[PDB]
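Count along the first sequence from 1, then add 180; that gives the number in the deposited numbering. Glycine included, each C-beta is placed from N, C-alpha and C at the ideal position.
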Amino acid sequence: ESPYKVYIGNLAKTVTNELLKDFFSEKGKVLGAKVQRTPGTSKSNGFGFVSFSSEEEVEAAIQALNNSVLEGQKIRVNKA
RNA sequence: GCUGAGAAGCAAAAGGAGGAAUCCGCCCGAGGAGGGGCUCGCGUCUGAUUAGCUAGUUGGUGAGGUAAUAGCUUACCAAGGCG
Ligand SMILES: [Mg+2]
Ligand SMILES: [Mg+2]
Ligand SMILES: [Mg+2]
Ligand SMILES: [Mg+2]
Ligand SMILES: [Mg+2]
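Okay, here's the thing in structure tokens:
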């Protein structure tokens, strides 16, 4: 579901999907996490999509998790 | 919106950020406040052993000019203006 999805940009390339999921699991249950990687170089593009089970947890995650520091890097948390 | 009794005629733009939401801008009107331009009453030194001064000068029309009123300009008419 697209309204239940949250785009996270400016993620450090050293950030594992486990830490992203841990910081964004505080706002609610996460149905899925997909990190976007370059097809050719296999390297992390620095952004990912997170599907939450509910839309209330999606909006509560968009509001308070913006500018949040993850591994020494401020990340941009918005809607997909 | 501007010209014009009207008929009509005439006039604008710019993108840059951000992954998107969005932000800072851009053009045309209509207001607000502030900042300037003008006009006028009043007040604003000494000399009479300084007494007459002024002719775009004082007013009128027509054309121009100014962001705007105005001899601001110019031509014509009148002979005023200050003491
Ligand atoms: Mg044109
Ligand atoms: Mg940039
Ligand atoms: Mg862009
Ligand atoms: Mg004094
Ligand atoms: Mg003359």
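When every heavy atom of ligand 7 is checked, does at least one fall within less than 7 Å of the C-beta of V230?
Ligands in the displayed structure: ligand 1, ligand 2, ligand 3, ligand 4 and ligand 5; ligand 7 is not one of them.
Beta carbon of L250, beta carbon of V210: below 8 Å?
The answer is no: Cβ separation not under 8 Å.
Among residues of its own chain, excluding the 5 on either side of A240, which ones have a beta-carbon nearer than 6 Å to its beta-carbon?
Answer for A240: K207, listed in chain order.
Excluding five sequence neighbours on each side, which residues of the same chain lie with their C-beta closer than 6 Å to the C-beta of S224?
Closer than 6 Å at the Cβ level, and outside the excluded window around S224, lie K193 and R217.
Give me the Cα-Cα distance between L245 and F232, rounded to the nearest whole angstrom.
Going by the C-alpha atoms only, they are around 14 Å apart.
Using beta-carbon positions only, say whether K185 and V215 come within less than 8 Å of one another.
Contact flag unset, no.
For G189, count the other beta carbons within 10 Å of its own beta carbon; 16 or more makes it buried, fewer makes it exposed. Which is it?
Exposed, since its Cβ has fewer than 16 Cβ neighbours within 10 Å.
Decide if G252 is buried, meaning its Cβ has at least 16 other Cβ atoms within 10 Å, or exposed.
So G252 counts as exposed.
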